[PDB]
Amino acid sequence: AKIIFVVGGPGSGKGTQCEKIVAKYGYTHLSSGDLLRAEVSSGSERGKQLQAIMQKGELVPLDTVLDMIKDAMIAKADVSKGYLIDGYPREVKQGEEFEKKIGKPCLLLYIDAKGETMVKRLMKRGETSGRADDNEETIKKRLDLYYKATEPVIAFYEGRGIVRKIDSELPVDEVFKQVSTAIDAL
Ligand SMILES: Nc1ncnc2c1ncn2[C@@H]1O[C@H](COP(=O)(O)OP(=O)(O)OP(=O)(O)OP(=O)(O)OP(=O)(O)OC[C@H]2O[C@@H](n3cnc4c(N)ncnc43)[C@H](O)[C@@H]2O)[C@@H](O)[C@H]1O
């Protein structure tokens, strides 16, 4: 099965575009954030540790996140012709371990938004839906961690030759036209 990585800053639009891909193309959307949140909601001790980390806007350890992604991919293996890995990898080492333990991606959709745009989007969502990490201080930390840890992922996969940059400043449907062009070109 094809493995597509979807990487971009917090609030850039990764989840939105992934849900569009699912509806049009039928790939399996796995979200690292949603997996981690599902553990938090289980009430486990592990979930309590993850909630603490996520609330602070820091990165969860690679071992826990990659486990859960692998767990989810195995659970869907029967029925998936492709996977969208949304929000993983977030550092170069995550990408390398994923390739060692699972397989190589065929495409990286780089969901590119401006920093100010991301702040605005996450503040709006936080005011609405109240996700715990959508508060101003945590937003700032998430964005700074993205620039520091995650942009080198984009460089790594530029070196591999598989990055397609998606202008996520446009309206949702215009972003998805770019996304669709990239996927149709595989
Ligand atoms: N691999 C990893 N390693 C270690 N730790 C990890 C990890 N993965 C996760 N974690 C941990 O878990 C935390 C959460 O990670 P995760 O949940 O993956 O959150 P994120 O990167 O913080 O993503 P969001 O879901 O905040 O953004 P999105 O880019 O999907 O934007 P969306 O489409 O929702 O859109 C945002 C909003 O904007 C709107 N919007 C989208 N596109 C547009 C558009 N084109 N125009 C106008 N509005 C738009 C949406 O409607 C919505 O309101 C991390 O901070 C970390 O602690």
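Read the numbers this way: they start at 1 and go in the same order the structure lists the ligands and their atoms. All values below were derived from every heavy atom in this structure, side-chain atoms included, with hydrogens, water molecules and symmetry-related copies excluded. FYI, the numbering just counts along the sequence from 1.
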Colleague: Return yes when atom NZ of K24 has more than 12 non-hydrogen atoms of other residues, nucleotides or ligands closer than 6.0 Å, and no otherwise.
Modeller: yes
Colleague: Would you kindly specify which portion of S168 sits under 4.0 Å from ligand 1, judged on non-hydrogen atoms: side chain, backbone, both or neither?
Modeller: backbone
Colleague: Taking only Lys NZ, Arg NE, NH1 and NH2, and the carboxylate oxygens of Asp or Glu, determine whether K141 and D144 approach each other closer than 4.0 Å.
Modeller: no
Colleague: Find all atoms of ligand 1 within a distance of less than 4.0 Å from any non-hydrogen atom belonging to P10, and give their numbers and elements.
Modeller: 21 (O), 22 (O)
Colleague: Take every heavy atom of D34, measure it against each atom of ligand 1, and state whether any distance is under 4.0 Å.
Modeller: no
Colleague: Once you restrict to heavy atoms under 4.0 Å, what part of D134 touches ligand 1? Side chain, backbone, both or neither.
Modeller: neither
Colleague: Is the closest heavy atom of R37 to ligand 1 under 4.0 Å?
Modeller: yes
Colleague: Suppose the criterion is salt bridge (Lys or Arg N to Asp or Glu O under 4.0 Å): which pairs have a residue in residues 109-122, not counting sequence neighbours?
Modeller: none
Colleague: For atom 18 (O) of ligand 1, state which one of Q51, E19, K14, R90 supplies the nearest heavy atom.
Modeller: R90
Colleague: Run the salt-bridge test on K70 and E97 with the 4.0 Å N-O cut-off and return the result as yes or no.
Modeller: no
Colleague: Can you tell which part of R131 has a heavy atom less than 4.0 Å from ligand 1: side chain, backbone, both or neither?
Modeller: side chain
Colleague: Side chain, backbone, both or neither: which applies to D86 and ligand 1 if a contact is any heavy-atom pair less than 4.0 Å apart?
Modeller: neither
Colleague: Is the side chain of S168 donor-acceptor paired with the backbone N or O of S12 at a distance under 3.5 Å, no angle test?
Modeller: yes
Colleague: How does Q94 reach ligand 1, by side chain, by backbone, by both or by neither, if only non-hydrogen atoms under 4.0 Å count?
Modeller: side chain
Colleague: What part of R142, side chain from CB on, backbone N/CA/C/O, both or neither, has a heavy atom under 4.0 Å from ligand 1?
Modeller: side chain
Colleague: With distance as the sole test, does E91 use its side chain to make a donor-acceptor pair with the main-chain N or O of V153 at under 3.5 Å?
Modeller: no
Colleague: Any donor and acceptor pair, going by atom type alone, linking the side chain of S129 with main-chain N or O of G126 inside 3.5 Å?
Modeller: no
Colleague: Taking 4.0 Å as the limit for heavy-atom contacts, which would you say applies to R125 with ligand 1: side chain only, backbone only, both, or neither?
Modeller: side chain
